[PDB]
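A short worksheet on the structure shown next.
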Amino acid sequence: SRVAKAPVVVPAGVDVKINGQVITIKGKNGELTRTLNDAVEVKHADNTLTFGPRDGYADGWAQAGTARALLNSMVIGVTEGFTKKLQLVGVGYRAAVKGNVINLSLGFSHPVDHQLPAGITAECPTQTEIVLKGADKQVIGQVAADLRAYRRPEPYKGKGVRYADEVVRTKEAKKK
Amino acid sequence: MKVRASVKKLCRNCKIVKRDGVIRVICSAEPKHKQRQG
Amino acid sequence: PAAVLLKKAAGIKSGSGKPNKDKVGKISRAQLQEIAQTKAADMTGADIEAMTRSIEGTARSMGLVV
Amino acid sequence: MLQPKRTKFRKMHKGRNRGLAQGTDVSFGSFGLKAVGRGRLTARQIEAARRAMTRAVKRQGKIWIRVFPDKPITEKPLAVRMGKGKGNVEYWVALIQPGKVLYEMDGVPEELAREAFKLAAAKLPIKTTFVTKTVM
Amino acid sequence: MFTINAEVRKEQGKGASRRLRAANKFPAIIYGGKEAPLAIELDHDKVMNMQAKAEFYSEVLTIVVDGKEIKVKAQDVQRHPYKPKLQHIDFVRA
Amino acid sequence: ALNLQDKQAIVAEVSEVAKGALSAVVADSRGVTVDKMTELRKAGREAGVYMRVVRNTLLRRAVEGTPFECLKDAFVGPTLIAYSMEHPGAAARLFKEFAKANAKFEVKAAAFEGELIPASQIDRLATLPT
RNA sequence: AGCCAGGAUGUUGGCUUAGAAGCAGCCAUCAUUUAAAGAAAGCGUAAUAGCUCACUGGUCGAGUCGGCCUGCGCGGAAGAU
Ligand SMILES: [Mg+2]
Ligand SMILES: [Zn+2]
């Protein structure tokens, strides 16, 4: 909408504890907590919440919009969770799921193991396609970026870790 | 990235943003159009 | 329709320039009129002359002056 | 380049540039590049701007120049002392006052004229602006 | 069609005119016929918007001051030297 | 479009039905010029020399525009329902033209129904010329 | 504003051009059809092609649009105890 004008609707089963500028949400898919800015006053007096900022600020509408978007995303990820996946295009790019540690042997003389947050799960049906699930899409994106930072998709050949929806380009190197 | 004094849009697909102390021009398709106001 | 029967303008498909250039094609009063009047298959409507006049006037703008 | 064929005198005083401009109205064309600042324009800069606008718009339209340097600006060579006379004439510039109209153009689209005069301004040192034909 | 409102200049001169221009209203003079000239003042923005049309100069206009609506023309306009402003529009009677 | 044409749109919508507006729906895929000329030709040759398959989807045109017949004309307004209006008569073969066009790769939205003039259900009656 | 869909034909036209075809480069941008086609704006294709864009319609629910006058700011702004 214009400024957080469109309300969020909270489904049943998602317990929410609002205390001033600090909010906690508990659901089946984990638990989340956020303490907000000074441009907030979101209220919860019905089946859902609808946000408001605090009076006496030049800003505040944009902050209310940001808080509404973040809380909607967190509600969605606490009621159903979010999932992402990465594809390793290239021979020898082996990915292994050792529980809470990923092993990524990608043409490296030194194999690299990466840790995972406590609220993130991962699994790979093969050695190249990894799929992970989490509650917080912010943390999900952070860990996905950490995983992908080990190698970027080189335009000249097309190898390296990338997202499933990532579109790589191969224009021309030298014709040979 | 091309760092210059006066920045503009090469193609319509370029978007201009203002970050911490600078102004940047980012093109989704062509990396060459990436520019900064140094 | 408008491709294989429009390439039959003066003997060649198209070989002329607009204002005054290397033109190889000319036009008579009915040569390109028949290709749009005799055909009741490509006509969007019933007005054959509506699209006939367009071709007769664009022959000049292509190089096939009247 | 723009230079008088002959002059009554070859050396002139520095002078000043006080006052407004007389040729502030568009008369010889439909669009004009009007100088909004103050300073001096050299024949070299005028030639550069003319070439810029000539490249910008083709034989497509007529262009008039409402200014002419008429002012011989001189300089002294390197490694020479002061006094002992006045240096030889080096180039020709004019005195430009605010509101002065430099280049006029007719027979061109408005957007093309805007682009051509923007390119001419990019070459000209003095700040300029675009003025349309006056209804008056 | 063109209808403008005016006020009578209490004071006239360079200082008064420049103060009026700083106050965003410019003076004008109305003469012609067999009556003494009158020094009026107009809002600048309204006249600037109205003068855009060629009809403003090629057609009769009317000016209203102290309830009197007198029809005049526009013969001479003095534009600002380097700004999109007009100063001291000239109105001729009849 | 412009308001000057929106005026004419309503003027035509409340003048179309007076002489009989046999109406139907055309697919967005079937409205492509590569495959719309066949339907245009069929409808024009069947009815007259003029045709109107242009869609004018509106919500307020279903409360003050198209509805001028007995009771039911507001069911073709929302949810991507194209408008195809024909002037010559309220019981002509225009319904059958779209019924035939259905057999040739046309299953788009609402089974080519509109204006419910001859109490037409999903299956066409015998009133239409056979 | 997003999303969805449409966005032909002569024409891969004719000079140079193993090639020029909407894009080394261009000489030339014409016309009917429809609500929509510009010898096509882009990438790139040797070059065709391909899609989006120009343009059009539909789903979404009250502000938005690009011009002028100016005020305060932003980057241009790197030197040696
Ligand atoms: Mg004084
Ligand atoms: Zn770009």
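Note: ideal-geometry Cβ built from the backbone for every residue, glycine included; neighbour counts use all protein chains shown. Every read-out reported here was derived from the displayed coordinates using simple, explicitly stated rules and does not represent laboratory data.
Mind pulling the per residue volume of the convex hull built on the Cα atoms of chain E? Å³ is fine.
Output value, Cα hull per residue: 101 Å³.
Taking +1 at the Cβ of each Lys and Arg and -1 at the Cβ of each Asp and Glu, which of D:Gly23, D:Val93, D:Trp64 sits farthest along the dipole of segment D:21-136 towards its positive end, judged by Cα position relative to the Cα centre?
Comparing the listed Cα positions along the dipole, D:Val93 ranks first.
Report the Cα-based extents of chain C along its three principal axes, largest first, to the nearest Å.
Dimensions of chain C along the principal axes of its Cα atoms: 35, 19, 16 Å.
Can you sort A:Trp61, D:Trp92 by how many other beta carbons sit within 10 Å, fewest first?
A:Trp61, D:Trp92
Enumerate the calculated ³J(HN,Hα) couplings along segment F:52-62 in order (Karplus 6.51 cos²θ - 1.76 cosθ + 1.60, θ = phi - 60°), each rounded to whole Hz, writing x wherever the residue is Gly or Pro.
Running phi through 6.51 cos²θ - 1.76 cosθ + 1.60 with θ = phi - 60° gives 8, 10, 5, 8, 10, 3, 8, 8, 5, 6, 9 Hz.
Roughly how many Å is it from the Cα centre of segment C:51-66 to that of segment F:78-120, as a whole number?
Cα centroid of segment C:51-66 versus Cα centroid of segment F:78-120: 39 Å apart.
Averaged over C:38-45, how many beta carbons belonging to a partner chain fall within 10 Å of each residue's beta carbon?
Partner-chain Cβ atoms within 10 Å, mean over residues of C:38-45: 3.
As a check on your grasp of the helix formula, calculate [θ] at 222 nm for the protein assembly as shown: sum -39500 (n - 2.57) over DSSP H runs of n ≥ 4, divide by the residue count, round to the nearest 500.
Calculated at 222 nm, the ellipticity per residue is -7000 deg cm²/dmol.
Among the listed pairs F:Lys72/F:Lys104; B:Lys18/D:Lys58; B:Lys32/D:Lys34; A:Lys85/A:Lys171; D:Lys86/D:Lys118; D:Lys127/E:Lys53, which are separated by more than 31 Å between their Cα atoms?
Over 31 Å apart, Cα to Cα: B:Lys18/D:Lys58; B:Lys32/D:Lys34; D:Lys86/D:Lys118.
Normalised by the number of residues in segment A:86-162, what is the relative contact order in percent for Cα pairs under 8 Å and 6+ residues apart?
Result for segment A:86-162 is 31 percent.
In whole angstrom, note down how far apart the Cα centers of segment D:120-136 and segment D:1-44 are.
Segment D:120-136 and segment D:1-44 have Cα centres spaced 14 Å from each other.
Could you tell me which of C:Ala41, C:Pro19, C:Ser61 has its Cα farthest along the dipole of segment C:15-61 towards the positive end, charges placed at Cβ (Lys, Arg +1; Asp, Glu -1), taken about the Cα centre?
C:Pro19
Does anyone have the angle between helix D:110-123 and the longest principal axis of chain D? Alpha-carbon axes, 0 to 90°, nearest 10?
20 degrees
Rounded to whole Å, give me the distance from the Cα center of segment C:31-46 to that of segment E:12-71.
Cα centroid of segment C:31-46 versus Cα centroid of segment E:12-71: 67 Å apart.
Can you list the HN-Hα couplings for segment B:22-31, worked out from phi with the Karplus curve (6.51, -1.76, 1.60; θ = phi - 60°), rounded to whole Hz and with x for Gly and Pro?
Rounded to whole hertz, the list is 9, 10, 10, 10, 10, 10, 5, 8, 9, x.
Sequence gap at least 6, Cα distance under 8 Å: using those rules, report the relative contact order of segment D:21-126 to the nearest whole percent.
Value for segment D:21-126: 50 percent.
Which value, in debye to the nearest 20, describes the size of the charge dipole of chain E about its Cα centre when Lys and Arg Cβ atoms bear +1, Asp and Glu Cβ atoms bear -1, and nothing else is charged?
The dipole magnitude comes to about 360 debye.
In what order do A:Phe108, E:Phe26, E:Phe2 fall by count of nearby beta-carbon atoms within 10 Å, going from fewest to most?
Ascending Cβ contact count within 10 Å gives the list A:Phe108, E:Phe2, E:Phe26.
Would you please name the chymotrypsin sites (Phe, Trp or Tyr not before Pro) within segment F:77-117 that are DSSP coil residues with at most 12 other C-beta atoms within 10 Å of their C-beta?
F:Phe105
Per 5 Å bin, what is the whole-percent P(r) computed from every C-alpha pair distance within chain D?
P(r) over chain D, rounded to whole percents: 2, 10, 19, 20, 18, 13, 8, 6, 3, 2, 1, 0.
Mind listing the long-range amide H neighbours of A:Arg151? Cut-off is under 5 Å, sequence gap 5 or more, other chains count too, H placed in the peptide plane at 1.01 Å from N.
Under 5 Å from the amide H of A:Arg151: A:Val161.
If the viscosity is 0.692 mPa s and the temperature 37 °C, what Stokes-Einstein diffusion coefficient in µm²/s follows for segment A:22-176 when Rh is the Kirkwood radius over Cα pairs?
It diffuses with D of about 180 µm²/s by this estimate.
Any chance you could get the radius of gyration and Dmax over the Cα atoms of the protein assembly as shown, in Å?
38.5, 118
Using Cα atoms only, what is the angle between the long axis of helix A:61-79 and the major principal axis of chain A, expressed in degrees (0 to 90) to the nearest 10?
The answer is roughly 70 degrees.
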